[PDB]
């Protein structure tokens, strides 16, 4: 939890009571565990929705959906049960409550089970399952000079009639919402990303939506891959971005421009960025994933536990900020090494809040945190992005010519640097350095082991540059200070840790020729360069094809396959001005300035503009 931030235990395990209704009688009952937080703002009223697991935190036990609400931004709350289970058995339950806010209404989607003690995806059929929608109506009043609010919950309605018996290539079994908070699309549709099973017990995600305020429901034709559960979605630039949990694998993210009719993996932005554990080989988690506007910039906030402990412990709840280009690690929301899996982040009246789980010995509470420090950090970072984007866009390029493009600009290494790091102007991913001397807008390297390393898969659990495996443009200005003994590296994308296995790179040789390297293709030296002269270098990769440009012109060999149509590359890092490896035999004596990383292949005009504007883009004077 960041400095300045604070929290309270709002839903207190084995302490907090809820009004338990049974057989026409209501009694204040102590709840064992509270899980699956959903925190929203309804017309000024804060509402926290969750599971009230009365007797145990076991998934298949007695559960009602509880709600707490506040009209004073979380200082005091009123408590109620929003949805009660069927009361058919000692393990009847309404589960995975998923919330949509529209106007003054709360739409809550829950699975309902009567008596099964087995985990839902293990069920061979749907005999024990129903899917329900309850609507809560929020009213505000001022009886007494003070703001008050009340929420009237309606009876749940089964949506089972809207679940087709078959979907493309399968027979349906059950479905549930993805928990947390879903959305109202810009066209007014209620949209729930849902997790669905078929009769083969496979799980996948779908879009489940309503065009008539929840009276009838439809499924989008498309789907995620199998294995994608607990989806959470938001709308961004006209598309739904569906962010899925994949147990024991990296999280898959999809985009859909047609209400789920077609799904495309977001390989160029967010897919496979977030891992569920350091080695991405443990169970995943529910995630808060929202689009908000902070100081005029539309951005996305995403949470997920780091899970250093493994299994479902899911310690270290972390918060991420992204504009669909850069991906910033705001930091750890939870405290110390506590288990803290599920969460819900709310941005209301320029204040940031998070309702999240804490778990000790499988007894769960929900803490309500005021994320003061986090918002401060977020605002600073967004200012930096807006500022550098503004700076680059404002440059009068030589004939003013076309503007330098910032669309897809993810990283920028320029003037800022410490003894051992080259700092990302966008503040997301620094490069490590060796044998580097600071110069205006860059670094001058020399000696065996010299260079800088801008990590890709080397980022570890969370891989912000995963997009580079699909497409990228890497740009830099370079100057060679000594003729090498053989062939020496200048810039490239490495597939392994050494730099010996390259995806695409540029070297230079003793005969004053360039050596562009295209994957494992035999190298053909070409062109010519002279010592002390500055050159503009661009490496592009898209559709498995690599190109290398010098001074805005493509070199011989460009347009070559760098990826066997077989697999998808797993780039380790970009190397700059050397390999940064004392064990590699080369000595690169060169200066590199203004390294730009884009998440797409730049077009000819964009490359020319960068070439012509080399002397104008540095961060030095700012």
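Numbering follows the first chain given and starts at 1. In this text, the rigid core denotes the largest set of C-alpha atoms whose superposition between the two forms falls within 1.5 Å.
Notebook entry, point to check: Of the stretches 138-146 and 426-434, which sits farther from where it is here in 5 other deposited structures of this protein, on average over its Cα atoms, after fitting the core?
Noted result: Comparing 138-146 with 426-434, the larger C-alpha deviation in 5 other deposited structures of this protein belongs to 138-146.
Check: Which stretch is more displaced from the shown form in 5 other deposited structures of this protein, 553-561 or 50-58, with RMS over structures and residues of Cα positions after a rigid core fit?
Finding: Between 553-561 and 50-58, greater C-alpha deviation in 5 other deposited structures of this protein belongs to 553-561.
Item checked: Residues with no coordinates between residue 399 and residue 400, taken from the deposited sequence as a class -> According to the record, 10 or more deposited residues lack coordinates from residue 399 to residue 400.
Notebook entry, point to check: Do the CA atoms of 498-506 or those of 139-147 have the higher mean B-factor in the entry?
Noted result: Here the higher of the two C-alpha B-factor means belongs to 139-147.
Check: Do the CA atoms of 317-325 or those of 416-424 have the higher mean B-factor in the entry?
Finding: Mean C-alpha B-factor is greater for 416-424.
Check: Considering only 525, 276, 451, 97, which residue's Cα atom bears the greatest B-factor as recorded?
Finding: Of 525, 276, 451, 97, 525 has the highest C-alpha B-factor.
Notebook entry, point to check: According to the deposited entry, which of 251, 533, 93, 464 has the largest Cα B-factor?
Noted result: So the option with the highest C-alpha B-factor is 533.
Note to self: Looking at the temperature factor on the CA atom of residue 192, which third of the chain's modelled residues does it land in?
What the structure shows: Within its chain, residue 192 is a lowest-third residue by C-alpha B-factor, going by the deposited values.
Next item on the list: Please place residue 66 in the lowest, middle or highest third of its chain by C-alpha B factor as given in the entry.
Entry: As the PDB entry reports it, the C-alpha B-factor of residue 66 lands in the middle third of its chain.
Margin query: Please say which third, lowest, middle or highest, residue 599 falls into when its CA temperature factor is compared across its chain.
Written below: Tercile = lowest for this residue's CA B-factor.
Check: Lowest, middle or highest third: where is residue 492 by Cα B-factor in its chain?
Finding: As the PDB entry reports it, the C-alpha B-factor of residue 492 lands in the lowest third of its chain.
Check: In terms of the chain's CA B-factor thirds, is residue 222 lowest, middle or highest?
Finding: For residue 222, whose C-alpha B-factor we compare with every modelled residue in the chain, the answer is the middle third.
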